[PDB]
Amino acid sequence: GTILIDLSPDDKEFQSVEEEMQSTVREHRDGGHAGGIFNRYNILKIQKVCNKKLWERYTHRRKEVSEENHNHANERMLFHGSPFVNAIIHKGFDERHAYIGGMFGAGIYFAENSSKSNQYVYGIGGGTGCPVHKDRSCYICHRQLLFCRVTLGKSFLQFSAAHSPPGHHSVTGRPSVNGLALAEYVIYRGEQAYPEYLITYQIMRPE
């Protein structure tokens, strides 16, 4: 069921998505070890992801969350990086693949910082880098991120240095040390996210 529609760079949606991508880059505490060294991206393509089945599954779960939370879905647009981006656009997010814990347990993780999600494109901690050059800071190979619509509902606030918590629909990882970091979020149901844009890009070598 999935089709990908290419957005023209003149399209206002292309521009607003690119801007969210570029404006949410930050420096990382690993000095670029996992995701490479860059201050900005070269955006090659932005595709709208269209799948009726996945979308209806999302909206159904969204209405359920909403009715449990005074008609407030608490919906965000957030980044997701993964080696399995092709499976996600075709089959949706699936929480059964969330074995190993990150900071907030076995769940599906999303980031406000595009550069944080970029650290996971080639695997946990960047894995071994691009498949062609084995370089976590490769400037040649094309990368992809998803920009996703995520239902947070009532989110458990975790100050920060499986199931949702009882009475909650998600977890929010609030940074409590690094003053420039944006939040990360965790959901425990795959139907609480819809992978709306597929962005293909390169990281750019600083001048």
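Throughout, we count residues from 1 along the sequence that is shown. Rigid core (definition): largest C-alpha set, two forms, superposition within 1.5 Å.
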Inset, instruction - Return whichever of 75-83 or 96-104 has the larger RMS Cα deviation from the displayed form in 9 other deposited structures of this protein, where every structure is aligned on the rigid core. - result: 96-104
Inset, instruction - Between 40-48 and 167-175, report the one with more C-alpha displacement in 9 other deposited structures of this protein relative to this form after a rigid core superposition. - result: 167-175
Inset, instruction - For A161, record whether it is unmodelled in at least a third of the other compared entries of this protein. - result: yes
Inset, instruction - Can you count, per the entry, how many deposited residues between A161 and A162 come without coordinates? Answer none, 1 to 3, 4 to 9, or 10 or more. - result: 1 to 3
Inset, instruction - Tell me which of 145-153 and 59-67 has the higher mean C-alpha B-factor in the deposited entry. - result: 59-67
Legend entry - Stretch with the greater mean C-alpha B-factor as recorded in the entry, comparing 126-134 against 78-86: 126-134
Inset, instruction - Between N51, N42, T172, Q47, let me know which has the highest C-alpha B-factor in the entry? - result: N51
Inset, instruction - Quick one: classify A181 as lowest, middle or highest third of the chain based on its Cα B-factor. - result: middle
Legend entry - Within-chain third of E13 by Cα B-factor, per the entry: highest
Inset, instruction - Rank-wise, by C-alpha B-factor, drop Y99 into the lowest, middle or highest third of its chain. - result: highest
Inset, instruction - Could you tell me which third, lowest, middle or highest, the C-alpha B-factor of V121 occupies within its chain? - result: middle
